[PDB]
Structure formats: C-alpha cells, structure tokens
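Tertiary structure, described
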Amino acid sequence: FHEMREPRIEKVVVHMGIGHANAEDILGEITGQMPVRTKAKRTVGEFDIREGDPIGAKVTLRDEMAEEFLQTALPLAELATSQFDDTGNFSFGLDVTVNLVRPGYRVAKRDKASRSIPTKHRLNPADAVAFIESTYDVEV
RNA sequence: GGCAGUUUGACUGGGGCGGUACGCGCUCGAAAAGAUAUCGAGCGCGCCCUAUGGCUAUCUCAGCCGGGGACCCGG
Ligand SMILES: [Mg+2]
Ligand SMILES: [Mg+2]
Ligand SMILES: [Mg+2]
Ligand SMILES: [Sr+2]
C-alpha cells in the first residue's frame, strides 16, 4: 500500500521580493543553479509605475539540488505548525518554500488526460510535519 | 448698399425662440418570424492604434482562502 503514498519534495522555491536586483548573485550561490527574475503585475504608488519589470528573483529547486539545499537551509529556520499550508506545504524565512506531495502527482501536471489529484491522495498538514520532522529536526 | 440682381433651407402638437429626433451605431419602446411612429426612454459615432494588426509558441483570467494590498508557493 505505502511507498506510492509516502511524501516527496517536489520543488523548493527560494525567492527575494525586493521591488527594484543583483540579489540574483547570492540566490544563485546559496542554491547552485541560475535564478530567474519576477515581474510585477499592476502598477502601484510605491513607484511601480512599470508593470513588466524586475521586482525580484527566484529559484525552483527539484531533486538533489533541493535536498542539498534543505540540509543547510532548514537548520536556519525554526518555526513549524500554524505555518503549514492545507496542502501539506510550508514556507519560512529571502523566503524558502517547500512543496510536498505524494507519488502520483504527474497526473495533474502533464498535458494529456490531466486530472486533479483526489483529496484522499492529497498530502496533509500532519502527514507533512511527520515526514519533515522524521528527517533531521523537530516540529512546532 | 451710392446702385442692380438675388439668397437667407427643412423638421416642429401653428409660427418664433429653444432643440435636431437632418448622416450613422446599440438596448428598450416593438405586441416571442420580418417590418414598424412621436420634440419616445437610456446613450453613443464623425476616431484611435505599426501595434492596440497578423501568425506561432507557451499559458489562463476576475475574486476568495491558506503559507512566507509589492513579489513567491499551494488550493
Ligand atoms: Mg439691395
Ligand atoms: Mg429673376
Ligand atoms: Mg419583430
Ligand atoms: Sr428680399
């Protein structure tokens, strides 16, 4: 039964939402791969009189690049619980977001015959804390 | 304008003044095919755009919720 049910880390997105940068240089060092900039939709009084323009950057880490990061990133954070999404997700922090999910996820990310993951296969807050906690650190 | 010839439109609950229903577009009036009037009700057009056109690739939007009214992740 299990195995095809045990949690997995599908992507860790690290980003800095400045609102202006060379911050890409450091985000790339702490992660290992090339960052990408983020534009800002809608204009605002806080001098964002530009819609399509650099406001921040991010990096999406998957597989080893993600673990090699969390091993040296999680120690930096502290909190837990009441900091976890309903989808068994959690973000702390420069921000660090961890996306967790069960094995049959591709079914909702592929092009052909897509389908939205059943709420029964959907990860849970508790199932999340467990997995993480059960991997080099403590909860709440 | 000393003098000559003329013009100075139409619509309109008479005419004048006001206005334009004088060329166009939409809803309603309009009575479940089409057509349909009033100085009928609501309101527009006389442009603007070299991309705000065209095709292809990739992608999904308003709004709300949860996690770190800018940005990031998920629903
Ligand atoms: Mg005369
Ligand atoms: Mg004569
Ligand atoms: Mg008719
Ligand atoms: Sr006369």
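Looking at the method and resolution fields of the entry, one finds X-ray crystallography and 2.7000 Å.

1. Description of the overall build of chain A
Scanning chain A from terminus to terminus reveals 3 helices and 5 strands. Helices and strands appear in chain A in the N-to-C order β-α-β-β-α-β-β-α. If you line up chain A on its principal axes, its C-alpha atoms span 55 × 40 × 30 Å. Classification of the 140 residues of chain A by burial places 29% in the buried group. Only carbon and sulfur atoms are counted for the fraction: they give 52% of the accessible area of chain A, which is about 9,900 Å². Between the averaged position of the 18 positive side-chain charges in chain A and that of its 23 negative side-chain charges there is a distance of 13 Å.

2. Overview of the protein's contact with RNA strand B
Near RNA strand B lie 28 residues; those nearest to it are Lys11, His15, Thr87, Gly93 and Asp95. Take the atoms of RNA strand B that sit within 4 Å of the protein: sugar and phosphate atoms are 79% of them. In this structure, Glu46 approaches RNA strand B through a side-chain N or O atom, which is 2.9 Å from a base nitrogen. Between a sugar or linking oxygen of RNA strand B and a main-chain N or O atom of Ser91, the distance comes to 3.1 Å. Taken together, the residues of the surface near RNA strand B break down into 7 nonpolar, 10 polar and 11 charged.

3. Here we look at the sheet that holds strand β3 (residues 54–61)
The antiparallel open sheet is built from 5 strands, whose spatial order is β2-β3-β1-β5-β4. In the strand order of this sheet, the two ends are held by β2 (36–39) and β4 (90–92), each with one partner. Averaged over all pairs of adjacent strands, the angle between strand axes in this sheet comes to 25°, irrespective of strand direction. Pairing of strand β1 (residues 8–16) with strand β5 (residues 95–101) involves 6 bridges; the strand directions are antiparallel. Bridging from a neighbouring strand, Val13 pairs with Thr97 of β5. Docked against the sheet, helix α2 (residues 64–73) engages β1, β3, β4 and β5, running at close to 65° with respect to β1.

About the criteria used
- Residues numbered from 1 in each chain as written, not as in the entry; some residues may be left out.
- Chains lettered and ligands numbered in written order.
- Part of a larger assembly, values for the part shown.
- Heavy atoms only, no water.
- Helix = DSSP H or I, 4+ residues; strand = E, 2+ residues; numbered from the N terminus.
- Buried < 20%, exposed > 50% of the residue type's maximum accessible area, 1.4 Å probe, protein only.
- Areas by Shrake-Rupley, 256 points an atom, 1.4 Å probe, with all protein chains shown as cover.
- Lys, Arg positive; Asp, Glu negative; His and termini not counted.
- Charge placed at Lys NZ, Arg CZ, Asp CG, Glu CD.
- Near = heavy atom within 4 Å.
- Polar contact = N/O pair within 3.5 Å; in protein donor to acceptor, adjacent residues only side chain to side chain.
- Nonpolar A, V, L, I, M, F, W, Y, C, P; charged D, E, K, R; others polar.
- Pairing = 2+ DSSP bridges.
- Axes fitted to C-alpha atoms, helices over the stretch in contact; angles between N-to-C directions.
- Contact = heavy atoms within 4.5 Å.

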